[PDB]
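Here's the letter readout for the chains.
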Amino acid sequence: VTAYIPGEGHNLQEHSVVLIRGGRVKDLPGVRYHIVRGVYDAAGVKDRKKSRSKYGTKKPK
Amino acid sequence: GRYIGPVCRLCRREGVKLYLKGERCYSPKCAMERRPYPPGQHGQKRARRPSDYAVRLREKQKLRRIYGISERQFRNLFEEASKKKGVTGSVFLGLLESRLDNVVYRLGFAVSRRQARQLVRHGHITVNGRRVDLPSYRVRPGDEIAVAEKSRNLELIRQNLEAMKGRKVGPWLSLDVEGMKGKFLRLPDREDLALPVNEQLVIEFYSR
Amino acid sequence: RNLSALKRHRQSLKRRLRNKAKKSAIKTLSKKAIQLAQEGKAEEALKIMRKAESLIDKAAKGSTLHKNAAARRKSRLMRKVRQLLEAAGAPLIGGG
Amino acid sequence: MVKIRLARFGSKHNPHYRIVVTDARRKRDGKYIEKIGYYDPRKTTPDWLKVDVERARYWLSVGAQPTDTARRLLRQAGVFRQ
Amino acid sequence: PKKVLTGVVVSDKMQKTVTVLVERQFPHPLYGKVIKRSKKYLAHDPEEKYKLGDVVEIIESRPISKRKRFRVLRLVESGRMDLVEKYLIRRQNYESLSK
RNA sequence: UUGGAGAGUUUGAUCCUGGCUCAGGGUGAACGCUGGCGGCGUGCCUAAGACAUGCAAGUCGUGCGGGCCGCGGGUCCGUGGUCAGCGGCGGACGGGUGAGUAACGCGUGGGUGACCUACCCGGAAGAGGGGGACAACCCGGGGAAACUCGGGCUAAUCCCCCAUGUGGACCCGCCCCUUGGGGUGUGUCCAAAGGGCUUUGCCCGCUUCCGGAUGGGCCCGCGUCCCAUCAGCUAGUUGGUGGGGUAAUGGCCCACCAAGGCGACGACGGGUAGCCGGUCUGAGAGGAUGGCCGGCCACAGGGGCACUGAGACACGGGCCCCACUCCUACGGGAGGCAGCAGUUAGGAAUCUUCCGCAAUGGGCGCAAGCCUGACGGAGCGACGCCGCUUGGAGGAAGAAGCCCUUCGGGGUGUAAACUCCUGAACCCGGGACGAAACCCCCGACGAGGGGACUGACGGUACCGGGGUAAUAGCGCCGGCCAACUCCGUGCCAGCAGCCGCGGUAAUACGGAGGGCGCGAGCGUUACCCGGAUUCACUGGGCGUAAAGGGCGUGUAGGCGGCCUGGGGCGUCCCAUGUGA
RNA sequence: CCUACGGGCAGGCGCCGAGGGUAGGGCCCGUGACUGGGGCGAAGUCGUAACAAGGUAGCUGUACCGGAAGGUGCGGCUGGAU
Ligand code: SF4
Ligand SMILES: [Mg+2]
Ligand SMILES: [Mg+2]
Ligand SMILES: [Mg+2]
Ligand SMILES: [Mg+2]
Ligand SMILES: [Mg+2]
Ligand SMILES: [Mg+2]
Ligand SMILES: [Mg+2]
Ligand SMILES: [Mg+2]
Ligand SMILES: [Mg+2]
Ligand SMILES: [Mg+2]
Ligand SMILES: [Mg+2]
Ligand SMILES: [Mg+2]
Ligand SMILES: [Mg+2]
Ligand SMILES: [Mg+2]
Ligand SMILES: [Mg+2]
Ligand SMILES: [Mg+2]
Ligand SMILES: [Mg+2]
Ligand SMILES: [Mg+2]
Ligand SMILES: [Mg+2]
Ligand SMILES: [Mg+2]
Ligand SMILES: [Mg+2]
Ligand SMILES: [Mg+2]
Ligand SMILES: [Mg+2]
Ligand SMILES: [Mg+2]
Ligand SMILES: [Mg+2]
Ligand SMILES: [Mg+2]
Ligand SMILES: [Mg+2]
Ligand SMILES: [Mg+2]
Ligand SMILES: [Mg+2]
Ligand SMILES: [Mg+2]
Ligand SMILES: [Mg+2]
Ligand SMILES: [Mg+2]
Ligand SMILES: [Mg+2]
Ligand SMILES: [Mg+2]
Ligand SMILES: [Mg+2]
Ligand SMILES: [Mg+2]
Ligand SMILES: [Mg+2]
Ligand SMILES: [Mg+2]
Ligand SMILES: [Mg+2]
Ligand SMILES: [Mg+2]
Ligand SMILES: [Mg+2]
Ligand SMILES: [Mg+2]
Ligand SMILES: [Mg+2]
Ligand SMILES: [Mg+2]
Ligand SMILES: [Mg+2]
Ligand SMILES: [Mg+2]
Ligand SMILES: [Mg+2]
Ligand SMILES: [Mg+2]
Ligand SMILES: [Mg+2]
Ligand SMILES: [Mg+2]
Ligand SMILES: [Mg+2]
Ligand SMILES: [Mg+2]
Ligand SMILES: [Mg+2]
Ligand SMILES: [Mg+2]
Ligand SMILES: [Mg+2]
Ligand SMILES: [Mg+2]
Ligand SMILES: [Mg+2]
Ligand SMILES: [Mg+2]
Ligand SMILES: [Mg+2]
Ligand SMILES: [Mg+2]
Ligand SMILES: [Mg+2]
Ligand SMILES: [Mg+2]
Ligand SMILES: [Mg+2]
Ligand SMILES: [Mg+2]
Ligand SMILES: [Mg+2]
Ligand SMILES: [Mg+2]
Ligand SMILES: [Mg+2]
Ligand SMILES: [Mg+2]
Ligand SMILES: [Mg+2]
Ligand SMILES: [Mg+2]
Ligand SMILES: [Mg+2]
Ligand SMILES: [Mg+2]
Ligand SMILES: [Mg+2]
Ligand SMILES: [Mg+2]
Ligand SMILES: [Mg+2]
Ligand SMILES: [Mg+2]
Ligand SMILES: [Mg+2]
Ligand SMILES: [Mg+2]
Ligand SMILES: [Mg+2]
Ligand SMILES: [Mg+2]
Ligand SMILES: [Mg+2]
Ligand SMILES: [Mg+2]
Ligand SMILES: [Mg+2]
Ligand SMILES: [Mg+2]
Ligand SMILES: [Mg+2]
Ligand SMILES: [Mg+2]
Ligand SMILES: [Mg+2]
Ligand SMILES: [Mg+2]
Ligand SMILES: [Mg+2]
Ligand SMILES: [Mg+2]
Ligand SMILES: [Mg+2]
Ligand SMILES: [Mg+2]
Ligand SMILES: [Mg+2]
Ligand SMILES: [Mg+2]
Ligand SMILES: [Mg+2]
Ligand SMILES: [Mg+2]
Ligand SMILES: [Mg+2]
Ligand SMILES: [Mg+2]
Ligand SMILES: [Mg+2]
Ligand SMILES: [Mg+2]
Ligand SMILES: [Mg+2]
Ligand SMILES: [Mg+2]
Ligand SMILES: [Mg+2]
Ligand SMILES: [Mg+2]
Ligand SMILES: [Mg+2]
Ligand SMILES: [Mg+2]
Ligand SMILES: [Mg+2]
Ligand SMILES: [Mg+2]
Ligand SMILES: [Mg+2]
Ligand SMILES: [Mg+2]
Ligand SMILES: [Mg+2]
Ligand SMILES: [Mg+2]
Ligand SMILES: [Mg+2]
């Protein structure tokens with residue numbers, strides 16, 4: 001299937017190993033699942049500050 | 001753990017003076033007396049009509065913040081009430097009251113409940129003899145809530161006990177002052193305290 | 001890689017042997033008897049019939065035949081002998 | 001045989017036996033034939049042993065055999081004083 | 001007790017055996033209404049003495065054959081061929097339910 | 001009568017219909033960000049895929065005869081041990097798992113005149129005389145091992161025969177009975193084993209029989225999921241006679257005879273599933289569900305089989321076929337973790353190759369005692385619930401920093417600083433309950449009294465004394481829904497559960513300040529119930545919203561007028577058993 | 001071979017039997033050159049069939065036809081303006 005990559009900017013390319021979760025994207029028909037950032041070869045959003053667990057981004061100092 | 005943070009803002013949001021501080025609460029330095037408007041950048045703005053939801057939230061938070069208690073332990077108690085025989089508010093209020101740490105501050109050994117815990121906690125309190133360092137203890141009719149003998153002789157409790165010689169406290173309670181001992185005689189009728197809170201409203205918040 | 005569970009097995013072999021042996025014996029004699037009483041030959045069938053009945057019941061004693069089995073084996077035996085002889089007759093021994 | 005013994009209830013470091021007449025080969029905390037009294041070895045109560053002595057003797061009559069440590073809590077319950 | 005049932009013989013066509021059609025009413029667990037269900041029993045008739053129409057009692061009995069676990073207790077009433085015809089037509093009516 | 005809340009979205013607006021959506025509770029969970037403590041639970045839901053090493057079932061010298069070593073010390077006899085053997089009883093319990101199974105499998109109530117039951121208990125009787133085998137051992141032949149073949153010796157609670165016959169078994173007759181129940185008469189048939197001490201008597205044993213209890217076997221009524229786009233099924237099929245078989249009924253099996261049995265009350269077929277106690281939810285009715293604990297069932301690499309036995313068609317017993325795997329000396333042979341751990345694979349994902357028999361319980365044993373990955377505990381994992389912490393009192397008309405600002409001030413904020421009080425952690429000493437039985441003493445091995453031994457957890461819990469201010473995180477702030485402002489972006493980047501936000505003034509994107517909610521947790525995804533009276537029994541509907549069959553005729557079925565009477569099936573009442 | 005000799009054991013034959021093999025059928029899943037429509041997109045092309053008497057009232061069952069919506073016949077319905 002086809003899955004959405006949430007967040008600003010991603011390190012995904014062909015062969016990237018990925019974890020998915022349920023939940024469509026109302027506006028992209030056929031996208032019915034989401035990629036979990038911060039799991040396997042899909043990394044978190046560099047620089048998120050707000051709502052980070054949802055974008056797999058660790059906590060900054 | 002429990003709330004443990006800025007504590008004046010609570011009243012300021014809840015609109016009423018909740019006596020969470022013990023002493024300062026009576027000086028005109030009290031947060032409420034200086035600013036009787038809600039915390040933060042927007043307290044000074046012409047507040048908008050609060051929704052029924054709003055209404056009941058605040059009222060519960062109010063009743064909760066009063067005892068500085070975790071939402072769980074709060075909920076359970078409510079639940080313990082909703083099962084239990086009688087009228088829910090009573091029992092909820094009644095049960096809430098029978099919490100040692102509260103019952104410690106009630107018989108006045110402390111100025112804040114928030115301080116009364118630290119006592120209950122650090123072992124400085126006891127019941128019918130044995131020491132009890134668990135603030136959630138459900139104090140029951142008959143109990144003797146002494147101060148730990150090996151704590152009778154302490155500055156912090158000396159002060160607090162003394163301002164209590166001639167204080168009238170609770171139709172449901174007694175106090176051999178100077179001996180530093182008290183009695184839980186009964187759970188309040190609602191009359192017995194008039195906390196600034198329509199607890200019917202709290203039932204309604206949960207029944208949603 | 002072992003046990004005296006083996007021991008327990010070794011025995012089963014030998015016990016088995018005893019059983020099977022005593023058990024066939026029955027059949028031979030028992031039926032030899034039914035045989036006679038068919039061609040009866042009355043007296044003999046009764047002679048044999050007993051040497052059956054003893055062996056049947058001597059099985060019954062142990063772990064070979066169960067009791068009711070000996071009983072079962074007996075009832076059917078006698079009925080056959082009798083009713084066979086009863087189509088010629090009559091008994092020169094017992095029982096009965 | 002049918003037996004008479006301690007089927008543990010309670011919880012970790014909080015023993016609490018039910019003395020039961022169970023089939024020798026039932027599991028220890030298993031289906032029993034009949035409960036006949038309890039027993040608390042930590043002793044933390046007014047009565048930590050009641051023992052339907054009239055029943056315990058029935059089973060005793062009609063065959064049952066108690067454990068070692070169940071015989072005693074029946075001696076202690078006076079089931080043998082004649 | 002040994003369960004006893006009351007029903008009509010609908011088939012005599014076996015030797016030393018008859019088919020006894022028991023019925024019952026029982027109110028429907030959810031929808032309330034009293035509803036009917038019936039069942040056939042192969043009933044033991046050592047004397048081949050019961051006939052069609054015969055409304056009889058049968059009793060839970062020691063197993064006679066695979067499927068015969070009842071002996072015919074007692075004649076209760078003769079000649080209700082009006083019943084036999086009930087069942088019989090229902091059966092007949094089935095030829096029409098194929099495809 | 002302890003129990004019942006709704007909201008968003010079809011329009012310019014309305015009412016109605018109707019779907020989609022959310023807030024609630026839940027879980028053997030998993031994912032993210034973060035993570036201090038303690039207790040009680042709990043933790044391969046996927047591959048019933050594959051498994052290295054260890055461990056999970058044994059014990060009795062008070063059944064017997066020997067080997068090796070030792071203590072007594074005249075080849076010997078004793079005593080102890082130890083090794084196997086012969087003989088016991090156990091190994092069918094306990095532990096595991098859910099593959100199969102829509103079934104008398106399970107649940108519930110019943111039947112058995114159709115039945116069995118080791119060790120236990122109660123009671124009646126009893127144990128006389130012979131005779132024999134086989135291992136161990138000695139002797140030879142085979143191998144790397146697994147081991148093994150042949151020959152001879154010998155004990156016993158091993159085997160067999162005779163005797164005795166309370167008794168019991170069986171044929172026939174008869175009486176009561178009424179499915180094969182009980183009694184009896186004639187015929188017939190069957191018992192046995194000894195061991196140890198204090199040695200004219202106990203005790204553990206052995207035998208036949210009766211009853212109890214206990215665990216079962218079998219049988220019947222009622223209940224038990226989806227598809228009728230599965231409608232017809234059936235030759236051991238359905239019934240009979242006769243046999244065989246079994247503890248016992250039974251086409252369970254066989255021979256013969258008859259032509260029967262089953263199905264819209266859903267046969268047959270296909271799909272899914274172990275069932276219940278319970279669990280989750282719900283006002284209830286309902287819906288969902290069967291992990292943990294308890295009960296029953298089923299399987300033990302896939303299959304078939306029976307042996308021994310009271311009981312198995314036997315997880316760590318046997319045989320054989322298959323599949324895979326290893327071993328080696330290349331000749332041959334060995335395996336069965338759905339036991340406890342553990343490895344690997346698979347997966348989003350589920351743990352220590354721990355500790356001990358102290359308890360409890362089980363096996364053997366007179367007892368001592370041995371075995372016990374059952375079990376009691378410890379280990380790991382915020383997996384769940386519960387309790388505890390990161391402090392408490394004081395402290396400015398209010399610091400710096402940062403945010404807003406109409407440039408006056410507003411905000412974080414008593415928050416901080418700083419003051420004093422307490423004292424999680426750590427240090428120090430003490431240190432359990434769980435353990436009183438078995439045993440020994442006296443009593444009589446009984447009643448009873450008396451003494452003693454024994455703790456994995458654990459030097460832990462907890463008691464006492466000294467003592468340190470000592471982790472905070474996460475979601476969210478357009479409406480539903482509690483929480484608002486600046487900046488950057490400019491139909492981009494992005495957000496998104498639904499309605500919808502972004503086209504240079506965005507409370508809806510991103511950071512910030514501020515705010516709301518929870519707090520060693522917070523959020524996400526998945527699934528279940530709920531909101532959904534949205535399958536409606538409770539508690540909906542069909543003129544136009546989705547929905548009356550094109551119309552007759554009619555089978556089964558559902559339903560049915562006034563009066564009287566019998567029965568009493570539904571219905572109603574009480575009692576009573578069951579509802580672990 | 002044992003004797004326990006009217007017997008037992010070996011051993012032999014048979015039934016049945018795991019499965020294996022030969023042959024022929026039933027169902028189900030996966031997949032296939034090519035192919036038929038369907039949903040969606042949309043920022044295109046062609047026309048404008050329906051909603052107004054929608055510019056030929058409309059809808060309809062059927063039959064025949066046409067790039068396409070559609071048209072026409074026969075019958076029916078008003079859920080048709082005047
Ligand atoms: S001071 Fe006034 S506001 Fe601040 S806590 Fe005491 S009472 Fe509440
Ligand atoms: Mg890569
Ligand atoms: Mg979703
Ligand atoms: Mg967001
Ligand atoms: Mg107040
Ligand atoms: Mg107050
Ligand atoms: Mg209001
Ligand atoms: Mg109430
Ligand atoms: Mg052995
Ligand atoms: Mg022969
Ligand atoms: Mg046998
Ligand atoms: Mg026998
Ligand atoms: Mg028959
Ligand atoms: Mg009510
Ligand atoms: Mg609601
Ligand atoms: Mg809209
Ligand atoms: Mg519309
Ligand atoms: Mg609109
Ligand atoms: Mg709606
Ligand atoms: Mg609710
Ligand atoms: Mg939820
Ligand atoms: Mg996590
Ligand atoms: Mg981590
Ligand atoms: Mg599994
Ligand atoms: Mg596989
Ligand atoms: Mg593999
Ligand atoms: Mg071991
Ligand atoms: Mg002995
Ligand atoms: Mg020894
Ligand atoms: Mg030995
Ligand atoms: Mg075994
Ligand atoms: Mg087992
Ligand atoms: Mg088991
Ligand atoms: Mg299963
Ligand atoms: Mg099926
Ligand atoms: Mg049934
Ligand atoms: Mg049943
Ligand atoms: Mg002898
Ligand atoms: Mg001899
Ligand atoms: Mg004799
Ligand atoms: Mg028969
Ligand atoms: Mg058997
Ligand atoms: Mg059959
Ligand atoms: Mg035949
Ligand atoms: Mg039926
Ligand atoms: Mg149907
Ligand atoms: Mg299947
Ligand atoms: Mg299954
Ligand atoms: Mg409801
Ligand atoms: Mg419903
Ligand atoms: Mg289920
Ligand atoms: Mg499950
Ligand atoms: Mg279970
Ligand atoms: Mg199998
Ligand atoms: Mg396997
Ligand atoms: Mg196998
Ligand atoms: Mg198998
Ligand atoms: Mg045995
Ligand atoms: Mg096997
Ligand atoms: Mg089995
Ligand atoms: Mg195994
Ligand atoms: Mg090997
Ligand atoms: Mg070689
Ligand atoms: Mg071989
Ligand atoms: Mg192995
Ligand atoms: Mg593992
Ligand atoms: Mg792995
Ligand atoms: Mg992997
Ligand atoms: Mg564990
Ligand atoms: Mg032990
Ligand atoms: Mg023990
Ligand atoms: Mg014993
Ligand atoms: Mg061992
Ligand atoms: Mg161990
Ligand atoms: Mg354990
Ligand atoms: Mg100021
Ligand atoms: Mg200020
Ligand atoms: Mg400032
Ligand atoms: Mg300022
Ligand atoms: Mg402070
Ligand atoms: Mg102790
Ligand atoms: Mg939130
Ligand atoms: Mg909310
Ligand atoms: Mg709001
Ligand atoms: Mg840009
Ligand atoms: Mg802007
Ligand atoms: Mg938002
Ligand atoms: Mg924003
Ligand atoms: Mg907590
Ligand atoms: Mg969560
Ligand atoms: Mg739902
Ligand atoms: Mg209705
Ligand atoms: Mg409706
Ligand atoms: Mg009509
Ligand atoms: Mg009509
Ligand atoms: Mg009619
Ligand atoms: Mg009628
Ligand atoms: Mg009528
Ligand atoms: Mg009438
Ligand atoms: Mg009636
Ligand atoms: Mg009842
Ligand atoms: Mg042979
Ligand atoms: Mg075949
Ligand atoms: Mg075949
Ligand atoms: Mg083969
Ligand atoms: Mg295609
Ligand atoms: Mg195509
Ligand atoms: Mg037109
Ligand atoms: Mg037009
Ligand atoms: Mg037109
Ligand atoms: Mg036309
Ligand atoms: Mg053209
Ligand atoms: Mg034309
Ligand atoms: Mg017409």
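Residues numbered from 1 in each chain as written, not as in the entry; some residues may be left out. Chains lettered and ligands numbered in written order. Part of a larger assembly, values for the part shown. Heavy atoms only, no water. Residues with missing side-chain atoms left out of burial classes, pairs and counts.

The deposited coordinates for this entry were obtained by X-ray crystallography, with a reported resolution of 3.2000 Å.

You'll find chain E entered in the PDB entry as 30S ribosomal protein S17, with Thermus thermophilus given as the organism. Here the PDB entry's recorded title is "Crystal structure of the dolphin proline-rich antimicrobial peptide Tur1A bound to the Thermus thermophilus 70S ribosome". In its Sequence similarities section, the UniProt record describing chain E reads: "Belongs to the universal ribosomal protein uS17 family." (UniProt positions renumbered as here; feature names shortened; annotations may be inferred.)

If you check the PDB entry, chain D appears there as 30S ribosomal protein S16 from Thermus thermophilus. Regarding chain D, the UniProt comment filed under Subunit reads as follows: "Part of the 30S ribosomal subunit." A UniProt comment under Sequence similarities is attached to chain D, and it reads "Belongs to the bacterial ribosomal protein bS16 family."

J.: Got a sec to walk through the arrangement of the chains? Specific residues and values, please.
T.: With no contact between them, chain B and chain C keep their nearest C-alpha atoms 58 Å apart. Separating chain D from chain E is a minimum C-alpha gap of 25 Å, and the two share no contact. (Contact = heavy atoms within 4.5 Å.)

J.: Give me a nonpolar patch on the surface: which residues, what numbers.
T.: Where nonpolar side chains cluster on the molecular surface, the patch consists of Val17, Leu19 and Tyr40 of chain A and spans about 290 Å² of accessible area. The residue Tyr40 of chain A is located in the segment after β3 (33–35) in this model. (Patch = residues over 30% accessible without salt bridge, like charges linked within 9 Å, V, L, I, M, F, W, Y side chains within 5 Å. Areas by Shrake-Rupley, 256 points an atom, 1.4 Å probe, with all protein chains shown as cover. Salt bridge = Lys/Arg side-chain N within 4 Å of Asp/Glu carboxyl O. Helix = DSSP H or I, 4+ residues; strand = E, 2+ residues; numbered from the N terminus.)

J.: How would you sum up the nonpolar core? Please name residues and give values.
T.: Nonpolar side chains in soluble globular proteins generally cluster together in the buried interior. All names here are of chain B. With 25 residues, the main nonpolar core has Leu63, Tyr67 and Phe92 as its most contacted residues. When contributions to this core are tallied by element, the ones reaching two or more residues are α1 (8–14), α3 (52–67), α4 (71–83), α5 (88–97) and α10 (200–206). Look past the residues within four positions of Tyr67 in its chain and what remains in contact with it is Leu96, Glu97, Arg99, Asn102, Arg113 and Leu195. One finds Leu119, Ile125, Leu173 and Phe184 within the second-largest nonpolar core, a separate group that totals 22 residues. (Core = buried A, V, L, I, M, F, W, Y, C linked by side-chain atoms within 4.5 Å. Buried < 20%, exposed > 50% of the residue type's maximum accessible area, 1.4 Å probe, protein only.)

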